[PDB]
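Only one chain is shown below, in structure tokens, and it's the form deposited in one PDB entry.
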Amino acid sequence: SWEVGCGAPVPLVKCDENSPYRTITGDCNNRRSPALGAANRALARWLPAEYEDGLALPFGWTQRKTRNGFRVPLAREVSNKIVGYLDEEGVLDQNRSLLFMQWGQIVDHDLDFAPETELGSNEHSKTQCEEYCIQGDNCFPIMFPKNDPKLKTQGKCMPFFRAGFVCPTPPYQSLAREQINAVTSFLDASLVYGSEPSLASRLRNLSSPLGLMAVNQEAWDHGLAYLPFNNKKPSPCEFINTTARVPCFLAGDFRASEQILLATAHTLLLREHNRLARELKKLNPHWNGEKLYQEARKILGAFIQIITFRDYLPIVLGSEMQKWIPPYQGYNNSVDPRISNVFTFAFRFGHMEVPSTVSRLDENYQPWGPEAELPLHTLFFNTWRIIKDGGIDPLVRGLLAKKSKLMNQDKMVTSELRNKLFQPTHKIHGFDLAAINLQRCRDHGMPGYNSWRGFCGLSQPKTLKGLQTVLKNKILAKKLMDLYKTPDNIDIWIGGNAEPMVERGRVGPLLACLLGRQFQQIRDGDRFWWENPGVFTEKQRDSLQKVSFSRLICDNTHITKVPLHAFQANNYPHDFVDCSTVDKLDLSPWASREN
């Protein structure tokens, strides 16, 4: 008999019995509970939060407060001892293209964003944390251990600001702190169109009644569109080359410029909307602007959903795919479609799949120019390498011909991310995404590794010998026991990712359960799922059946040689075919021949 959810932010709640189109915010998707899966609401709690104080303080905040009678190891020490490796040789995935890593980050970006609290935008609050490393309020610095090389070149800490939470921005009464999902839980292309009405209108071309998305006016890719620039400072994309002065891009999601291949993928998606808008005009010259936007938006939403669930999830989950995601049996309005706090950590498995280098290939799939291959760390917030060095085609070839990094228990996160991560505001290519992932776990009050094994109906090792058996690795198990003293204390991010990969998949059994459940819930609980009776026509649905990533590239770049199966390892010229031969999306069924 406890009171039900403080939602003082987001009072707006007006819904519509007609609507054949998703809202931008994802409101009104669920008729009975219409805020479920909407942006700027709490992440769902599959299990109760676990803070040191039971409310808000993360484990590792107070020196003398143990977790189950043991101090928690520093994020950065766990990073250094477990996550790091030197040798990039033999680390590549012989059966996953780099497009595999890249699609993951896109889907993640559609589903969840828990952005850091905004009580320090052009304030001397950010600097307190950076310079002086002093813990307090929303500053929760990543302190270096004794023998850390970063001590010698970077100071005592790496800065870290706690994530936004609902009813902000000082804590409340006697409910655990709940972090905001700032995008739509629905796989709805929010990353392209935005999750706020504000950003959604900005991105749109409201000059012509063609329902087009705004494209770059300052620069073109052999006639093909770039995303608009984000004319705001400080721009991190300007910071990394003040001679190029190429701003970050403006997309439906904030993080589109974080690295050059995400920006690339955002560019294909935008172009595809525009191509769809133009072809719907041809076939329906009567349709006004809004109609064209919405009818293109909804097709691209289907596209993202089909590629994710037909092509991507099966080669993530492998043998566990059908245990968790059986054939669609239609909309179930009883399902919770909200993204869970734990999913936003479970989906970070993607971090082990990022390789140390990126390549540009010519029309013969050969090194484009003399610096064709670049270290990943020089491509954080790097847009000028696209604008002033060959557009997205050389990079979209590298996404086809190059391989993802394979998860390895001995080689977890490349030093490009683990030591050389660039963050906006901060000046240096010197951060640790592994350490960030671990502090964030604690920041979100995540239950430990065994709570989540429990949740998924899996054994809970309590001994070294127990952990060895589960991880199938005596040395990794040893290092974790030395750090965490009990498997109960292991942060789910590292515990989940340390498990050996399921047959035909790229995650362990724990992550397969957590990912599997979340993707089942976003499908079965989405009123606007593409294959859900009444959303498309029977004829339209047969047209959608035919989409491929290959087609997406043929239609939206100057590439003519692609593989049939974009996510497998594919070598040129053998596994490559003429676009001429690749199933089109026939849009005839969108023609409103009748009235």
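Throughout, we count residues from 1 along the sequence that is shown. Note that the rigid core is defined as the largest set of C-alphas that superpose within 1.5 Å between two forms.
When the two stretches 290-298 and 101-109 are set side by side, the higher mean Cα temperature factor goes to 290-298. Averaged over CA atoms, B-factors in the entry run higher in 420-428 than in the other of 348-356 and 420-428. Of all the options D137, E258, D93, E272, the entry's greatest CA B-factor is assigned to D137.
Per the deposited record, the Cα B-factor of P48 falls in the lowest third when ranked against the other modelled residues of its chain. Among the modelled residues of the chain, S121 sits in the highest third by CA temperature factor in this PDB entry. Sorting the modelled residues of the chain by their CA temperature factor places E77 in the middle third. Sort the chain's modelled residues by C-alpha temperature factor and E499 lands in the lowest third, per the entry. For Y226, the recorded CA B-factor ranks within the middle third of the chain. Only modelled residues enter the ranking.
This protein has a second form, the form deposited in another entry, left out of what is shown; the following refers to that one.
Among the candidates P145, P115, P171, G430, displacement between this form and the one not shown reaches 2 angstroms at the C-alpha for one position only, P171 (superposition on the rigid core).
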